[PDB]
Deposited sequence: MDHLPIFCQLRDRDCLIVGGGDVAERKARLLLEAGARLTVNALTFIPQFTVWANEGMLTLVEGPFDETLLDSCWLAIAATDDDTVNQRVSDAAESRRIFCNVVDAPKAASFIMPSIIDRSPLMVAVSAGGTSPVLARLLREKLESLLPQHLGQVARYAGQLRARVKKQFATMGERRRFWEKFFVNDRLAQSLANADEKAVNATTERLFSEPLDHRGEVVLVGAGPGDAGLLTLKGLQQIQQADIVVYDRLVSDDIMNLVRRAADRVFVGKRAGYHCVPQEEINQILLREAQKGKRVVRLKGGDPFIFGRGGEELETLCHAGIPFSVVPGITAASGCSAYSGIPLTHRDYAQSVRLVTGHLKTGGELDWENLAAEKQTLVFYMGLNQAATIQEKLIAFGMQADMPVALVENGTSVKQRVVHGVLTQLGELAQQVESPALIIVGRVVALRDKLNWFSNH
């Protein structure tokens, strides 16, 4: 153990920063966030410091380092470019037994500032003693994605329920299992963050009244179009807490590798499976008291039949929520260099599927970006109908297969080639029609 981590209470304690540039501004913001009573001593200050000074959030002392500014200080930070000044600061702090950090020389003085993940009152700190700040960042990154943004409010509320938990749950083991489902309960975290004090109370007594091993809910999670980096933080957090994950073929294998190892997996994709068995599967797993994640390709509410699955759950009294995902159109647009809107090119974007028939007159109108989902089989018809209803023959068209994935393929041309272009791709694929398609020559940054 090279350093001892301690969590300091800085509120209304005098602290000194020496320096007044960008580096000192970052440290000053951190200490202000911690509630420090801050003096900043520098030869010159960048504008952010004078702003804070007139707002009375700190004190500025312009001029050379004055060691007597340390006389009632609890922490000192030397944040200048000048090794000689930093050494004067760290020597003066050391003689007064004030913990001191030199930003550009972590091993020079008496404390190191770690990477911080703030979920107050819950806090996580990572440091490798100045050996490995890039590693500390890589870990901080990971932890940021894993810790829900509102976990702190849950932690405060947990403190208030401690006495109730121990009187209800006689044993440490039973308590532990309660806390485990308490700290992952989604409606609790969201009710707390929304100040929905009635929803807090309803979730709170469902947690005390339901059987200890029951934690039944359903979360519809949008997996995005393929690239595992396009999952949301919340979607990752939910699949890390699932007892059961129900997924189909349009959820990428890369996404499924992020699923909690101990979660049961139920594949409902087509290896011809109707929708009602899926609705039933979700119903029964949740009634078992399990935490069910329904993982869907893209966004659950865009041609995903997500509403159909939730209506099944609504009458049965099963709590549910929805985590939106990147729909295929947004993902393919970004990864093929084809923005769905651009300047004057398109006043609107239409997301359309390939009883009833498409309004071909409507689809042919100018100033649109058309995006066809599940439309490959209708591709030759789309070419002839658009041409037959007045869309200009030179209108650019593109097809994007397996968008955002490492096997993405993008074919392109003009509308008179559309039916022939669709031959060269297979599902899952998008058809994009409109002037924005021509922008791919400049904006394609991904590799085909």
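Where C-alpha coordinates are absent, the deposited sequence of this PDB chain has the segments 272-275, 359-362, 457.
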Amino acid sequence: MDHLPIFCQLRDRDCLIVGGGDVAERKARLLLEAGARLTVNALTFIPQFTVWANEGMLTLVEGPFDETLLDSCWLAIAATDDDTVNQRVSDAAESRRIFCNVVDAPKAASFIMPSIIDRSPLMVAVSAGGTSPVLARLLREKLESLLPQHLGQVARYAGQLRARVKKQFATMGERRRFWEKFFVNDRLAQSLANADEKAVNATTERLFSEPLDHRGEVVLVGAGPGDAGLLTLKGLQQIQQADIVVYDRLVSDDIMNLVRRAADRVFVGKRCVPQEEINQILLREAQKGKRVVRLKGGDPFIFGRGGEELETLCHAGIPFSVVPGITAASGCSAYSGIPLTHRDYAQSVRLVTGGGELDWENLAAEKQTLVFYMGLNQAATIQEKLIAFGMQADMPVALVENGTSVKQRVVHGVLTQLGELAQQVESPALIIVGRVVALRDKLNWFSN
From here on, numbers count along this sequence of modelled residues.
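The stretch 358-366 shows the higher mean C-alpha B-factor when 232-240 is compared against 358-366 in the entry. Annotation for 293-301 versus 175-183: the higher mean temperature factor (C-alpha) is found in 175-183. In this structure the maximum Cα B-factor among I326, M374, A163, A128 is found at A163.
Note on the listed residues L70, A28, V414, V406: the highest Cα temperature factor in the record is that of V414.
In the deposited entry, the Cα temperature factor of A393 places it in the highest third of its chain's modelled residues. Among the modelled residues of its chain, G159 has a C-alpha B-factor that falls in the highest third, as given in the PDB entry. Per the deposited record, the Cα B-factor of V40 falls in the middle third when ranked against the other modelled residues of its chain.
The deposited CA B-factor of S330 belongs to the lowest third of values across its chain. Ranked by Cα temperature factor within the chain, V433 sits in the middle third according to the deposited record.
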